[PDB]
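Keeping their order, the protein sequence lines are chains A, B, C, D, E, F, G, H, I and J. Per the working numbering: the first sequence = residues 15 to 138. Per the working numbering: the second sequence = residues 15 to 138. Per the working numbering: the third sequence = residues 15 to 138. Per the working numbering: the fourth sequence = residues 15 to 138. Per the working numbering: the fifth sequence = residues 15 to 138. Per the working numbering: the sixth sequence = residues 13 to 220. Per the working numbering: the seventh sequence = residues 13 to 220. Per the working numbering: the eighth sequence = residues 13 to 220. Per the working numbering: the ninth sequence = residues 13 to 220. Per the working numbering: the tenth sequence = residues 13 to 220. The structure appears right after this line, and notes come after that.
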Amino acid sequence: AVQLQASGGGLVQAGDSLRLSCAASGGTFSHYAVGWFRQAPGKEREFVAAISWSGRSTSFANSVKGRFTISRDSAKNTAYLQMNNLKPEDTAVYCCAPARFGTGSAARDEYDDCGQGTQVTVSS
Amino acid sequence: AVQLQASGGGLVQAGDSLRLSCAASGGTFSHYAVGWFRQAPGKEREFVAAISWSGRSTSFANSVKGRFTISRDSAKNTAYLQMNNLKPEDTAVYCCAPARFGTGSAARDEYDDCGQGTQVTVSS
Amino acid sequence: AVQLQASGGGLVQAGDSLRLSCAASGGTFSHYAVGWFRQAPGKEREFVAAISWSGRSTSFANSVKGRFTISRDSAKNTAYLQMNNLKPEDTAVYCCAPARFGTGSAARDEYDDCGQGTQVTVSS
Amino acid sequence: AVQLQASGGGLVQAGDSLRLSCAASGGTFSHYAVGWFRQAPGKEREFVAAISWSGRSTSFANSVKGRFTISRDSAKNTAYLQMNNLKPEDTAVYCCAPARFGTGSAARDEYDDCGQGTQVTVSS
Amino acid sequence: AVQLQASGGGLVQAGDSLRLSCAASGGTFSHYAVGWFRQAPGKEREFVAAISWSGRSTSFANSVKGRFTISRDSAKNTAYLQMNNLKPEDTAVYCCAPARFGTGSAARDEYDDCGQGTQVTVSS
Amino acid sequence: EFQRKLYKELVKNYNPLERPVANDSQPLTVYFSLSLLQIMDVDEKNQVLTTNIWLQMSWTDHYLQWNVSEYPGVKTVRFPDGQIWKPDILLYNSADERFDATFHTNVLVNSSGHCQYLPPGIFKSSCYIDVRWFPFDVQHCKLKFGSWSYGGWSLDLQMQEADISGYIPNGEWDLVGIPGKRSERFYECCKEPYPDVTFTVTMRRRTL
Amino acid sequence: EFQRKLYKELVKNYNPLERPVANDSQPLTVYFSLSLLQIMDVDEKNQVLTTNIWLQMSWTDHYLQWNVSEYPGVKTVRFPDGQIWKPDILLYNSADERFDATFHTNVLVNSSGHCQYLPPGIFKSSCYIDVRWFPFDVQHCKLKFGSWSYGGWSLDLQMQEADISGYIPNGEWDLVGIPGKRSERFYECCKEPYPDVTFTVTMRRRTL
Amino acid sequence: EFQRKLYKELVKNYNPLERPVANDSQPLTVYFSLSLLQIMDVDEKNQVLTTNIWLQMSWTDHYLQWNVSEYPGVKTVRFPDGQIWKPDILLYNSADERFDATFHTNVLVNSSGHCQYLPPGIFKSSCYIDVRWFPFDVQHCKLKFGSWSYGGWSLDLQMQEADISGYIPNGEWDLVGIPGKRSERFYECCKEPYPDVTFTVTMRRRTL
Amino acid sequence: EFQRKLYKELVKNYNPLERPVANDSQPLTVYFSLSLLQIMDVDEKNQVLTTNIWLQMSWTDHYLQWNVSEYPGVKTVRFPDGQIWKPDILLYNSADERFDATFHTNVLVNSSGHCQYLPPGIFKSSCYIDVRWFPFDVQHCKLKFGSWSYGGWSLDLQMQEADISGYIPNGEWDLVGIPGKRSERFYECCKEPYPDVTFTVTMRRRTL
Amino acid sequence: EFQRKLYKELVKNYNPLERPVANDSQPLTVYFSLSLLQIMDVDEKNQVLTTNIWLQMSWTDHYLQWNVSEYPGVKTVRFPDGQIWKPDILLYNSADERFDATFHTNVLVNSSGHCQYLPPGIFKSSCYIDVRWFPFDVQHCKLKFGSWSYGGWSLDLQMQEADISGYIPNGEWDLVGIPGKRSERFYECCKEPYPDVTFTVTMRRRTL
Ligand SMILES: *[C@@H]1O[C@H](CO)[C@@H](O[C@@H]2O[C@H](CO)[C@@H](O)[C@H](O)[C@H]2NC(C)=O)[C@H](O)[C@H]1NC(C)=O
Ligand SMILES: *[C@@H]1O[C@H](CO)[C@@H](O[C@@H]2O[C@H](CO)[C@@H](O)[C@H](O)[C@H]2NC(C)=O)[C@H](O)[C@H]1NC(C)=O
Ligand SMILES: *[C@@H]1O[C@H](CO)[C@@H](O[C@@H]2O[C@H](CO)[C@@H](O)[C@H](O)[C@H]2NC(C)=O)[C@H](O)[C@H]1NC(C)=O
Ligand SMILES: *[C@@H]1O[C@H](CO)[C@@H](O[C@@H]2O[C@H](CO)[C@@H](O)[C@H](O)[C@H]2NC(C)=O)[C@H](O)[C@H]1NC(C)=O
Ligand SMILES: *[C@@H]1O[C@H](CO)[C@@H](O[C@@H]2O[C@H](CO)[C@@H](O)[C@H](O)[C@H]2NC(C)=O)[C@H](O)[C@H]1NC(C)=O
Ligand SMILES: *[C@@H]1O[C@H](CO)[C@@H](O)[C@H](O)[C@H]1NC(C)=O
Ligand SMILES: *[C@@H]1O[C@H](CO)[C@@H](O)[C@H](O)[C@H]1NC(C)=O
Ligand SMILES: *[C@@H]1O[C@H](CO)[C@@H](O)[C@H](O)[C@H]1NC(C)=O
Ligand SMILES: *[C@@H]1O[C@H](CO)[C@@H](O)[C@H](O)[C@H]1NC(C)=O
Ligand SMILES: *[C@@H]1O[C@H](CO)[C@@H](O)[C@H](O)[C@H]1NC(C)=O
Ligand SMILES: *[C@@H]1O[C@H](CO)[C@@H](O)[C@H](O)[C@H]1NC(C)=O
Ligand SMILES: *[C@@H]1O[C@H](CO)[C@@H](O)[C@H](O)[C@H]1NC(C)=O
Ligand SMILES: *[C@@H]1O[C@H](CO)[C@@H](O)[C@H](O)[C@H]1NC(C)=O
Ligand SMILES: *[C@@H]1O[C@H](CO)[C@@H](O)[C@H](O)[C@H]1NC(C)=O
Ligand SMILES: *[C@@H]1O[C@H](CO)[C@@H](O)[C@H](O)[C@H]1NC(C)=O
Ligand SMILES: CN1CCC[C@H]1c1cccnc1
Ligand SMILES: CN1CCC[C@H]1c1cccnc1
Ligand SMILES: CN1CCC[C@H]1c1cccnc1
Ligand SMILES: CN1CCC[C@H]1c1cccnc1
Ligand SMILES: CN1CCC[C@H]1c1cccnc1
C-alpha cells in the first residue's frame, strides 16, 4: 500500500520456523500486491514469493515451493510470510515490495522499489 | 534550482543532532523539489527524504521517519535537513538532487543527477 | 513452460559425460523454447545451447559446438542437455530459461528470467 | 569533432597548474561541444567541465568551480582545460567527449562515448 | 556472418607482430561488418578496430591508430587483424562481433553480442 | 501537487485491452441512454433520417479508485480516447458512408470508479417513410444500438429512458415520443446471444 | 486477475508482420463469406450499386492459444487493428473514392486459436444496368473480393454461402439470389496464381 | 544555444492530462472571445449559417515559466497539439458532419506562463430563418460555445467582446452587432453546473 | 519458425529515409508502368477525366536479401507502408482535392531483393475536351507521373508499356490506345533535370 | 555506406520544435513564392476561386551541414513531415472546409544547410466577382499568405516573383498578371507586428 515495511527477522536454528510481517501504509492496502525478495550477502536480489491483490493467486520459487507460505490480512494491512524447516542457505535480507493490482507473478517490471528489509540468519 | 550543492557534514557522536544545508544556484529555486540520498561506503544509493516544490508534501524513509525533518527557505534558496539522535549506521555520504515541480516522492525517475555530497561519520 | 527448473548437477571427472534435465511446470511446455546459460564463479552469464519450440532448430556456442547436444521430450515436459568429454573450464552453474514460441537463437531479449540452476564441477 | 583525444597528463606537485589539450579529428570541430570527465581509481565517472559549440556557454562542477577554466581554439581544433591550485584528490584519468551542437550542460545523454584519456597524479 | 569466432591468440614478446583471424559461419559474410573489442583483465570492454561490410570504410582507436590494420577476405569468410610493435598494455582478450550492413563505426548499438574471444599476452 | 501523483499512480500497470471487471466470471453492466436535440432533416426519396443526438454510457472500472483524503482537492479525473477501456457501441442501421459518426471526447471518472461517456454526434439512419396517407400519417423510425464484439456473458447492456428536455421543436414535424426497448438476438456467426437497444422516433407531419 | 496475465503472456514475441502459420511451407486457409442487409440504392446513370454488407473472415492463428484450466473465467480475447495479423481482402471492382470502405473492428479469438473478423460497411461497386427490357428485366451485379498481396501457395481462400436472414426487402427491387463462385486467375505482374470469390446480386425490377 | 536548453527544461515531468493549476482546489480561469471575418453563406431551406471565425482562448499554465535573464534572446515558445493541456471548447449547436470544424494550430506562451490559442475555422451552425417579413426582417442566429468535460469548480469561463475590425461586408446581408452573454446551466447527466457563452449575429436583409 | 527470424534479421539497422543504393554515387533505377481497367466517367463541363488504374513500380533494395537455404520455406516477404523506402511518384495534373488518390498497400520482396509495388486507385485528372467535331472526334487526355523530390542523378525512371488486358469496354467511349513517352525537363526551382512519364488515353465517341 | 552515417549523425540532438537559428536574437529569413498552373474554376454565385498552385519556401537551417569530402557521393538529403522545423505558412482568405489544402511532401537540404519546400495543392479562396460590366470587365482576386504563430522579430518573410512559365491557358478567362506585395499589420491579439504576402490574379473575361 504505497509504502511497505518488513519486520520479524532474527537469529534462528536450522530446522525451525519463522514468521515475517510486511505492514502497509500510505494508501489502500487492498489495491496492491505484495512480493518478497532476498538480497543475500554477496549475490543478487532474487524473487521468493508473491500474492495477488485479492489473494486468489500465489507464486513461489523452486527452492521454497514446499517450505514457505504467504497470507494476507486487510484488517491489519499486513502480509505474512511463514517459513518452515529453515536451512543454512536461507540466511539473507528479506525485503517487501508493492504492486498496484498485481497478478502475483515473478515479473520484476510490475513492482516498485523495495524498502529497507530485515536480516535473518540460520545457524547449523 | 538547476544546480544544488550540499554542505554541513562532519564528525559527530552517537545521540547528537546535525543540520545539513543544500543551496541552489543556476535557476529559480521555487520551481524544483529537493531530494536527499545516502551513498554509504560499500552499499548502493538510497533515498532518505524529500519535499515538494511548494513545501506542502513531504516524504521520509522508514528508518528515518521519526528522527529526521526537512524544511525549505526560498529567501536563501536553501533546503535544510535536521537529523536528531544519530546512530552508528548513519555514517555515509549525503547528496542533494533537484526535481522540476516534483511531488516530493521516492521515485528516482523524476530527479536529476546528484551533485558532490558531504561525508558524515558517527562514532559510538 | 512458464516455470522451468534445472537439475542433474554434480561432481564429475575430466573426460566424462553428464546429462542435465530441465523440467517445465505452470503451463503448456510445447508453446515455449528452452535455453541454457552458464554463470561461472567470477564471470558473467553466457549462452550455451538452445532449441526451438518445435525441435526443428538448434543453436550452440563455439566451445560447446561439438561436445554438447540438446533434445526435447513433451511426454515428460523435459529438455535434456548431454555433455560429453567434459573439461576443467566447464565447472559452473547451469540455468534453464523459457521463451514463448522462440526460434532457438542466442538473442537474450526473447527469453524470460532464469530460475535457480544446478552447480557442476569438473576435477582434473 | 567526431573523434576527440585528450593529452597533457603527468605528475605534478600540490598547488601547481596543469594544461590539458583535447584535439579533434574526423569531422568539423565547430559543430560539436566538448565535455570533460574524471574516472578516478575506484569511483565512477564524474562530469568536470563543459563548453558549448560556440563558446558562449560554459559549465563547471562544484569542487572545480573556482580553480578550473575551459577555452576553445578552432584554428587548431583543440579545447584547452586549465587547472590551477591542484589538490591531492584531483588524481584521476581525464577523458574528453564530443557533443553535436551541444549546449555545454552536465547532462550525459547528449554526449558520445569518451575516448582514451590521460592519467594525472598529484603528490602532497 | 551471424556467428563469428576469433582465433590466433598466444604469447608474444614485446615488439613483435601478431595476426588474428575472425571466421564467419551461419549466414552470408558479405552482408555484415566486423568489429574488434578488448576485454582486459580488470577493465571494461573497449573498441579497437572496425571495417564496413564492403571494406571501403575503416575505423581505429587512438592508441592503435598507427600499429594495427584490418582486412577482409570473402573467399574464406574471414577478417584479419594485424598488430605490429606490440606493447605490454596490449595483453587482453580480443573478441569479434558482427554488424548487419554496418558502416564500420565505433558505435556499440549497431553490433550484436560478441562471441568467445582469444587471450593474448605480451611479455616485456 | 496531487493531480500529477494521482495520474502517475493510476496509469501504473493499466491495460486498455482488458475489460475492467473484478471477477472475470461475471458480465460487466453498462447503462445506455440517448438524448435527442433536433431532427435536422427527414429525407423521403433516399429513406434517410438525420438527427442530432448525445449518447450516454455509464459503467464502473474498479481499477480507477483512490481515497480522496490522501489526494485533497481531487475528486474527478478525465481520460482521452485510447487510454482506457471503452464499450464498442455502434448503430446497426447506419446510412453514413463512415458508418460511425460519433465525435470522441474525454471519459470522466469519480473517486468510486464510475465512468461516464457522452459523445455528441449527427447520426444518419435508414428509415422507411410511407406517403400513402400524405396529409395525415405517423412515421416510425427505429434506431438500433449494440455492442459489436462483446456479447452476452461479457457485457450486460441495460437501457435508460431518453431525455428530450433540450429538444428544439421542428417547423415541419412533431415528435410524439421516443420509446425504447431492450432485446436479445442470436446470429449465425456465433452461438452467444447479443443484446441490443432500439428507440423509436414517432414523428408526425404538420398539416400547416 | 487472469485477463491481465493472459494478455501479457500472449503479447510476448508476437510480430504482426508474420503470417500465423506453423510450417511456413503450407498455405494458410481462410474462409470468406458475405452478409447482405439492404440494397440502399441502384444508380443507372452512373452505373453504381450501393449496399450494406458485413464481411466474414475465419482463420486460425496457432500463436494465440492457452489452457482454460490455468486461466479460469477467460474463454475469449479481442484484439484491435494493427496488433495481430489480418488478411488483406479487398474488393476489386470498387467505385468509392477511398476504394476501401470497411470499418475496422476487433478480432475475436477463442481458446483454440480460431480468429473471426466481421467488418460492416457500405460498399459502392460498378455494375452495368441494361434498360432495353425496361418493364421486365433481371440485372446481374458482381462483387469480386480477393487478397491483394497474398497469392497461391501462401493463402488458400475458401468460400461460404452468403447469409440473407436479416435482409430488408426493398420497395423497388426484388432479390432472387446471391450465388457465389471461387476462381483462380493469372496476372501479368507475377507468375503466381491468385484466387478470388465473386458474388452475384440478381435483382429484378418491380412492375408496380 | 538557449532555445534547446529551455525546451528540454520545460518538457521535464510535464503531463498533458493535468490541468495547469497551482492549488487543485480552485478553478482555472479561461477567457474566451470570437473574431468574425465573413458571413460566407446563409441557407434558408436547410436552416444553416456558414461563417469564417477565429476563436480566442487565454489562460495561464504556471508550469511553463523561466527567467529571461538566464535564457537571453528567448521570450516566447510555441507548442504543437497534443503536447500541452488545452481547453476542450466546443460549439453545441453544430451542423457540420464532423461536428468539430476547427484547424489546430500552435499555442504561444510568454515568460510569465500566459497561453493564447487562436484557431481559425469555417463553422456551420443551425439557425432558424423567418421569412414572414420577407422584404424587411432582422434574423437572430445564436452560436453557443462551452467546455464539454470541464464544468464548474474546475474551469471558470469568462467572456470577452467580439472583434469585428477585419469584417468584410456582405453583398446581401448587413450585420447590426454580435452581442455576447455568459450563462450557467444544469444538465440531467451531472449535478455540477456548466457555464457557456452565446453570441448573436443580428443579420438584416438588404432591400436592394 | 524461420519467418520470425528472417523478419528480425532484416529489420536490424534499417533506415526508411535512406535510398537503397549500394554505391551512393549512381542513380537507383525504377521501372514504372500503368494498368487501366475502366473509364468510369468523362466530364466535359468541368474538364475532368475519371478512371480506375493500378500503378506498377519495380526496383531493387540490396538491403533485403537472404539465402533461401538457411530459411527453408520462405521465399517472399511483405512490408507495410512507412517501414521501407518507397518512391514518391505523383501525378502532376491531378484534379482531386486530396491531390494524391492512391490506396497504399504492402510491398513484396523476393530473395534477390526485388521490390514490386502495385497500388490501385481512382484518379481524377484535368483534360481538355473539344466538341467542335461533336458527332466524330478523337480526344487525347494526358496523364503525367513523376518523382516530386528525387531528380536526375538520384532516381532513373524507366517506362514500361501499359497493360489493357483486363480493360472493361465503355458503353459511350472507345479506347484506341494508351501510348507512353518518357521526357526530361528543367524547372526554375532547381538546376537538376527531372524525368517524367506521360500516357495518352485516345478516346473516341461512339456515334450510336 | 555513407548515407546511413550522415543520417544518423544529423538526427542526433535535433529538436523539431526549435527554430533553426544560430543567435536566437535575430529573425530567421524565409523567402516565399508562388507558382500558378491552372485556373480550374471561377464560381460567381458562391464567390469562390479554385486554382492549382505550388508554394515555394526557402530558408536555412544551420543544423543540417556536413563536409562533402567526408561523405563522398552524398550532396543532398530529404526529410519527411514532422521530423524537422517547417514554417507555418497559411492562407488567410481560405474558403475550403479543411481550411488548409496543401499536400505535405519532403524537404530537400544541400550541404550548406539550405532548405527548400514546394508543396502542390488546389486552393479555394473567397473572391468578389463584379458582373456590372458583364461583356467587358477585369476581376481582381487576392490571395493572402502569412505565418500564423510566428510574427516579427522571429520570422522575416520576403517575397519573390511568381512563376507562370508552366501556366495552362484557360478557355474562358485570360490572365493579365499576378503582382505581389509584402505588407505588415497589427492585430488586437498581440502587440507584435505580423508580415504577410498578397498576390493578385487579374483575370479577364473572354468576349468569345
Ligand atoms: C461516484 O459516482 C457514483 C455514481 O454516480 C456514486 O455511487 C452511486 O451510484 C449510483 C448509481 O450507480 C447512484 O444512484 C448513487 O446516487 C451514487 N451514490 C451517491 C451519489 O452518493 C458514488 O457515490 C460517487 N463517489 C463519490 C461521490 O465519492
Ligand atoms: C474454438 O472455435 C473453434 C472453431 O469454432 C472450435 O474448433 C472447431 O472448429 C470447427 C471449424 O473449424 C467447427 O466446425 C467445430 O464445431 C469446432 N469445434 C467445436 C465447436 O467444438 C474449438 O473447439 C473452439 N474452442 C473451444 C470451444 O474451446
Ligand atoms: C506575459 O503576458 C502576460 C499577459 O499578457 C503579462 O501579464 C499581464 O497580463 C494581463 C492580463 O492577464 C495584462 O492585462 C497585462 O498587461 C500583462 N502585463 C504586462 C503586459 O506587462 C506578462 O507581463 C507577460 N510577461 C512578460 C511580458 O514578460
Ligand atoms: C527475384 O526477382 C527478380 C526479378 O523478378 C529475379 O531476377 C531477375 O530479374 C529480371 C528483371 O530485373 C527478370 O527479367 C529475370 O527473369 C529475373 N530472374 C529470374 C526470374 O530468374 C530473381 O531471380 C528473383 N529471385 C529468385 C527467384 O530467387
Ligand atoms: C546550397 O545551396 C545554397 C543556395 O542554393 C548555395 O548557397 C548560395 O545561396 C544563394 C541564395 O541564398 C544563391 O544565390 C547562390 O547561388 C548559392 N551559391 C551557389 C549556388 O554556389 C550553396 O552554395 C549550396 N551548397 C553547395 C552547392 O554545396
Ligand atoms: C466469480 O463468479 C462465480 C460465478 O459467476 C463465483 O462462483 C465466484 O465465486 C466469483 N468470484 C469470486 C472471487 O467470488
Ligand atoms: C481514507 O483515508 C483516511 C485517512 O487515513 C481514513 O480515515 C479513511 O478510512 C480512508 N478511506 C477508506 C475508504 O478507507
Ligand atoms: C511442411 O510441409 C512440407 C510439405 O509441404 C512437409 O514436407 C514438411 O514435413 C512440413 N513440416 C513439418 C514440420 O512437418
Ligand atoms: C490443462 O491443464 C489441466 C490441469 O493441469 C490438465 O489436466 C489438462 O490436460 C490441460 N490441457 C491440455 C490440453 O493439456
Ligand atoms: C487552495 O484553496 C483553498 C480554498 O479554495 C484554500 O483553503 C487553500 O489554502 C488553497 N491552497 C493553498 C496552498 O493556499
Ligand atoms: C532573474 O535572474 C537575475 C540574475 O540572477 C536576477 O537578478 C533576477 O532577480 C531573476 N528574476 C527573478 C524574477 O527572480
Ligand atoms: C560508384 O560510382 C563511381 C562513378 O559513378 C565509381 O567511380 C565508383 O567506383 C563506384 N563505387 C564503387 C565501390 O565501385
Ligand atoms: C546458401 O547456403 C548454402 C548452404 O551453405 C550454400 O551451399 C549456398 O552457396 C548459399 N548461397 C549463396 C548464394 O551463397
Ligand atoms: C545576436 O544579435 C545581437 C543583436 O541582435 C548581437 O548583439 C549579438 O552579438 C548576436 N550574437 C552573437 C553571438 O554575435
Ligand atoms: C572538408 O574536409 C577536407 C579534408 O580534410 C578539408 O580539406 C576541407 O577544408 C574541409 N572543408 C571545410 C569547409 O573545412
Ligand atoms: C453481434 N455482432 C454484430 C453483428 C456481427 C456480430 C459479431 C460477432 C462476432 C464478432 N464480431 C461481430
Ligand atoms: C494479385 N494482385 C491484385 C492485382 C495486382 C496483384 C498484385 C501482385 C503483387 C503485389 N501486389 C499486387
Ligand atoms: C456538460 N456536457 C455537455 C453536454 C454533456 C455534458 C457532459 C457531462 C459530463 C461528461 N461529458 C459531457
Ligand atoms: C521537380 N519537382 C516537381 C515540381 C517541384 C519540383 C521540386 C523540386 C525540389 C523539391 N520539391 C519539388
Ligand atoms: C497573426 N495571427 C494571425 C491571426 C491570429 C494571429 C495569431 C497571433 C498569436 C497566435 N496565434 C495567432
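We put the CB at the ideal spot given by N, CA and C, even for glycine.
- Near chain J, meaning a CB-to-CB distance below 9 Å, the residues of the region 97-115 of chain I are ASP100, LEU102, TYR104, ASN105, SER106, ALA107, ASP108, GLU109, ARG110, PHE111, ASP112.
- Listed as beta-bridge partners of D/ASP87 by DSSP are D/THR92.
- Only those residues of the region 89-123 of chain A whose C-beta falls short of 8 Å from the nearest C-beta of chain F are listed: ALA113, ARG114, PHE115, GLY116.
- E/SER73 is the residue among E/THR135, E/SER73, E/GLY129 whose C-alpha sits nearest the C-alpha of D/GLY40.
- Membership of C/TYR108 in any alpha helix (DSSP H) is not indicated; the residue belongs instead to the beta strand (DSSP E) covering 106-114.
- Only residues of its own chain outside the window of five on either side were considered, and among them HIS116 have a CB closer than 7 Å to the CB of H/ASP93, listed in chain order.
- Distances from the CB of J/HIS126 to the heavy atoms of ligand 5 include at least one below 7 Å.
- By the CB criterion at 8 Å, H/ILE141 and H/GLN59 fall inside the cutoff.
- Apart from the 5 residues on each side of it in sequence, H/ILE96 sits with its Cβ closer than 7 Å to the Cβ of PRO28, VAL119 in its chain, given in chain order.
- Around C/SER77, the beta-carbon contacts reaching into chain E at under 8 Å are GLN130.
- Excluding residues up to 5 positions away in sequence, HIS74 lie with their Cβ nearer than 7 Å to the Cβ of H/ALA34 in the same chain.
- Where J/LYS17 is concerned, the enclosing alpha helix (DSSP H) starts and stops at 14-23.
- One thing to note: F/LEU67 has its Cβ no nearer than 8 Å to the Cβ of F/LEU169.
- The C-beta distance from I/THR210 to I/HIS152 rounds to 11 Å, too long to meet the 8 Å contact threshold.
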